[PDB]
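Given next are the chains, with one letter for each unit.
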Amino acid sequence: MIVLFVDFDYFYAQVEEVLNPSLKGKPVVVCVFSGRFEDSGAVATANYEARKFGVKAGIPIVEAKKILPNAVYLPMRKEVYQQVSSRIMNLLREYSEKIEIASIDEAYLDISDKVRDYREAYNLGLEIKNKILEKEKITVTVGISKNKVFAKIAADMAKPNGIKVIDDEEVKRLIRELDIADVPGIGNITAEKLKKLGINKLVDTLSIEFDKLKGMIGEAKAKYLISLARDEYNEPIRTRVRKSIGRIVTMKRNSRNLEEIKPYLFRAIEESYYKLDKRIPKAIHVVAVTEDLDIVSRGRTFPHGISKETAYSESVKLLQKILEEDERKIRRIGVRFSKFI
DNA sequence: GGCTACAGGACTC
DNA sequence: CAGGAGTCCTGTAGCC
Ligand SMILES: Nc1ccn([C@H]2C[C@H](O)[C@@H](COP(=O)(O)OP(=O)(O)OP(=O)(O)O)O2)c(=O)n1
Ligand SMILES: [Ca+2]
Ligand SMILES: [Ca+2]
Ligand SMILES: [Ca+2]
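Rules behind the numbers
Residues numbered from 1 in each chain as written, not as in the entry; some residues may be left out. Chains lettered and ligands numbered in written order. Heavy atoms only, no water. UniProt positions renumbered as here; feature names shortened; annotations may be inferred. Helix = DSSP H or I, 4+ residues; strand = E, 2+ residues; numbered from the N terminus. Rg over C-alpha atoms; globule rule 2.2 N^0.38 Å. Contact = heavy atoms within 4.5 Å. Areas by Shrake-Rupley, 256 points an atom, 1.4 Å probe, with all protein chains shown as cover. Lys, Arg positive; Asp, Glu negative; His and termini not counted. Charge placed at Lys NZ, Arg CZ, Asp CG, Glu CD. Donors = N, O, S within 2.8 Å, 3.2 Å for Na, K, Ca; no water. Tetrahedral: all angles 85-135°; square planar, octahedral: opposite > 155°, others 65-115°. Pairing = 2+ DSSP bridges. Axes fitted to C-alpha atoms, helices over the stretch in contact; angles between N-to-C directions. Buried < 20%, exposed > 50% of the residue type's maximum accessible area, 1.4 Å probe, protein only.

Labelled according to the PDB entry, chain A appears under the name DNA polymerase IV, originating from Sulfolobus solfataricus. In its PDB record the entry is named "TERNARY CRYSTAL STRUCTURES of A Y-FAMILY DNA POLYMERASE DPO4 FROM SULFOLOBUS SOLFATARICUS IN COMPLEX WITH DNA AND D-DCTP". In UniProt, chain A has this text filed under Catalytic activity: "DNA(n) + a 2'-deoxyribonucleoside 5'-triphosphate = DNA(n+1) + diphosphate". What UniProt states about chain A under its Subunit heading is, verbatim, "Monomer. Interacts with the PCNA heterotrimer via PCNA1."

Rendered as structure tokens:
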């Protein structure tokens, strides 16, 4: 199998750049304002010009400002990047019917019957890069290898505006030299558990006893890391179908008062139904982020679809359940719909 | 034993 | 100082 992975560079920021070329060359930070106080919120992303100084996704907006006081700060316009992302995806489909759209800016394509070997794949990747450049003026990084995982790993080795190929020989090398934390699916909680049993490399997952690995990180992640180590990982490029749609909002002040929370919960439901488009969910969950940023949720499935009225009524109950089974104050409240008809 | 719901957890965008 | 969003997995309890 020959997988070709596409990942758009500095996406939200680059898009803002395309729409306002004047932003070219300056540090740009795309922000998500929570409305709690001037500047409350987090960074969604920023361009390289702002990332070389430490301003990266996930940090507090106020933190970004002390580092880059004259940087350009823009409010995230999700619908614009989504619309842009679609056009590029509809463009990637011309290169293969076997395509998995993994996120707002990533796509996997199976080009097993479009190229003979890697030299041809490489060329098809250069062609894809240019087509996107011309048609949307967005740069992208292309990763190419024998499976989704190594194709992704390839892309972020060649980020940004790059293209890299990890041949079958490179794969065996990576299995021995690549730090296992750099493997998709391994975050610091898991990395810490791995770099605690001298597992710092994929290869040394084969010498560790199976149940020792399982009991630590779980059966799924263990079989996953082992299949990669043996160079047997073969997940197919599947068409993705949205499984859940939701909305969550930050409240002006923390609270445990139902009537003070209700307005925010109801707005989340209204906006959720709008996004639901014409999908009919059979399950609903009320999700709350607490005082200490922990996440709590309670949900329910119905033998039939949930109407907006049933959503309103059920959401209060679920929220009441959260309030009596947990003593912490709420900071963000929202809903999530799933199990679509 | 193992499958289903449900709630916590981890990861990534 | 901590946004908004979505997917997959696990331990538990109920059940056949
Ligand atoms: N914490 C995050 C992570 C991701 N995203 C978004 C906006 C990013 O532009 C888009 C792509 O995420 P990446 O992790 O790929 O970051 P960038 O594409 O912005 O930078 P890079 O060149 O490293 O791919 O996803 C976000 O809003 N908040
Ligand atoms: Ca990515
Ligand atoms: Ca990207
Ligand atoms: Ca990592």
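Peer 1: I tried to follow the overall build of chain A on my own but got confused; where do I start?
Peer 2: Each helix and strand counted, chain A has 12 helices and 12 strands in total. Over its C-alpha trace chain A gives a radius of gyration of 23 Å, about what one expects of a compact globule, namely 20 Å for 341 residues. Its C-alpha atoms put chain A at 65 × 55 × 45 Å along the principal axes. Put simply, 63% of the contacts in chain A that link residues at least 6 apart link residues at least 24 apart. For chain A, the exposed surface amounts to about 18000 Å²; the carbon and sulfur share of it is 49%. Taken together, the 62 basic and 51 acidic charged side chains of chain A have centroids lying 3 Å from each other.

Peer 1: Would you mind showing me how to read the coordination of the calcium ion (ligand 3) here?
Peer 2: Ideal geometry at a metal gives 109.5 degrees between four tetrahedral donors and either 90 or 180 degrees between six octahedral ones. Within the protein, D7 (OD), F8 (O) and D105 (OD) serve as the donor atoms for the calcium ion (ligand 3), at 2.4 Å. Around the calcium ion (ligand 3), the 6 donor atoms sit at angles spanning 68 to 172°, and that spread fits a shape best called octahedral. One chain supplies every donor to the calcium ion (ligand 3), and in sequence these donors are spaced D-F-x96-D. The distance between the calcium ion (ligand 3) and the calcium ion (ligand 2) comes to 4.7 Å, with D7 serving as a donor to both metals. One end of the pair, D7, is in strand β1 (residues 3-8); the other, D105, is in the loop between β5 (99-103) and β6 (106-110), with 98 residues separating them in the sequence.

Peer 1: In this structure, what is going on with the sheet that holds strand β2 (residues 28-33)? I would like to understand it.
Peer 2: Whether parallel or antiparallel, the strands of a sheet pair through hydrogen bonds between backbone atoms. One open sheet accounts for 3 strands, arranged β3-β2-β4; its pairing is mixed. Looking at the sheet topology across the chains shown, the edges are occupied by β3 (41-46) and β4 (72-75). Within the sheet, the average angular offset between the axes of one strand and its neighbour, ignoring direction, is 35°. Across 5 bridges, the pairing between β2 and β3 is antiparallel. What sits directly across from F33, in β3, is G41.

Peer 1: Quick question: what am I supposed to make of the side chain of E314 here?
Peer 2: Summarising the element assignment, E314 is placed in helix α12 (residues 308-325). In this structure, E314 is in contact with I284, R300 and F302, ignoring residues within four places of it in sequence.

Peer 1: Help me understand the sheet that holds strand β9 (residues 244-255) in this model?
Peer 2: If you trace the 4 strands from one edge of the open sheet to the other, you get β9-β12-β10-β11, paired in antiparallel fashion. Strand pairing shows two members of the sheet lacking a second neighbour, β9 and β11 (295-301), which therefore form its edges. Shown here is a sheet whose adjacent strand axes are inclined to one another by a mean of 15°, direction ignored. One ladder, built from 9 bridges, connects strand β10 (residues 281-290) with strand β12 (residues 330-340); its direction is antiparallel. Within β12, the position partnered with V289 by the bridge is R332.

Peer 1: Help me understand the coordination of the calcium ion (ligand 2), please; the structure alone is not making it clear to me.
Peer 2: Within the protein, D7 (OD) and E106 (OE) serve as the donor atoms for the calcium ion (ligand 2), at 2.5 to 2.6 Å. The class for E106 is buried, based on a relative accessible area of 12%.

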